[PDB]
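First comes one chain, alone, set out as structure tokens in the form deposited in one PDB entry.
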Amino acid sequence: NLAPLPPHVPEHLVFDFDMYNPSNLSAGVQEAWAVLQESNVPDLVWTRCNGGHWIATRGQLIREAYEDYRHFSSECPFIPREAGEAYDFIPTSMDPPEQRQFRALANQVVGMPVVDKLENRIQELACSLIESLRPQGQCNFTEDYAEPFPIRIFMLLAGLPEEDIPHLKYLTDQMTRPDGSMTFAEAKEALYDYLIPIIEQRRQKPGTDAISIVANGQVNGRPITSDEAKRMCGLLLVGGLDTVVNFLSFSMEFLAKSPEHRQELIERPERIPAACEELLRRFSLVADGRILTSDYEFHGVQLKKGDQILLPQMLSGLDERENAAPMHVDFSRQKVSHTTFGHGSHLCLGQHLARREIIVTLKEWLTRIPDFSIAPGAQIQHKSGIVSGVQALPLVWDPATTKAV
């Protein structure tokens, strides 16, 4: 239902969009959000859904907002407000200048140098998974590849038992697309309860895994506390278990429905990296936000202290004012404009690991299973939230057309 419209919010700016169940979801999640960019929708609207909040609908405002951390603080980054207030992950819940000392350490565990160190293993897993699937001539992509491929890689980096994935993934999903069985606060606490004993164990017997590095690391010269390590490790876990998983599904669904695009990569493998970026734009999937630190007039709209504003990273690249024919996938698009990995001081620290996982996937899959389609009659269903995803993606193919490496 709709929260009563606050006195300061203009009546004509109301557009009741529900980020957890957009009305046009059946056409595809990106399409559902794109309705916010239809001809008569303002640059900044107010939805009375989920407690009521602002929504920047165009890249120009989304980028500005993300750059102005003074006015748009990440202290309360999630909608609804309850989730946003319980949200205390490091470094994501902090703004510069305090954010930096913590972001630096986090960059040390998932940055480019670590990704290069994971190249071999990422490659090996990708190939083992696809080869095992190749002869079967079918698969449930979300559970057969999208989830295990990137999640196992992350669990390897964090030195955590794979058998722990079911629980952690369940908790992460409740924070991004809650089924209603758990509030953000409850899911966060379970995530923290899980980490506490591990963090203590690794601060005693330091390992080389991401968790040991964080728990035994320093923050601009001084030792990090147990609580800080917990708040950071929990964030790393959430970031490594949802985004790449669902992005791969969006990309492969598209590829399964587009033979011509598959051929382009088949005949022109050098384009895979470029295709990666275009897909990252077209199937952008996250949308979190900021909270107003003080009353502030933004693009002619009076925003009040405390007001929450959703700044959909997903919307920038879909904005027709940033890319012509935005909904069209063009692997040759001259200037791929987007904010898929965020924008500002919080730019995705795992974007390098993500790009690597995406390119290796496209490369290794197309090489062994160049021809595949979506299971006949299958009605693909998307789900919306802080991170949007694909519920299921049944693929099929003729093993005869496949190739073993």
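Rigid core: the largest C-alpha set superposing within 1.5 Å between the two forms. Counting begins at 1, following the sequence as shown.
Only in words, not in the display: the form deposited in another entry, which the text now covers.
- Of the residues listed here (164, 143, 295, 320), only one shifts its CA by 2 angstroms or more between this form and the one not shown after fitting on the rigid core, and it is 164.
- With the core held fixed, residue 183 shows a CA shift of 2 Å or greater between this form and the one not shown.
- The Cα position of residue 202 differs by 2 Å or more between this form and the one not shown after fitting on the rigid core.
- With the core held fixed between this form and the one not shown, residue 74 has its Cα displaced by under 2 Å.
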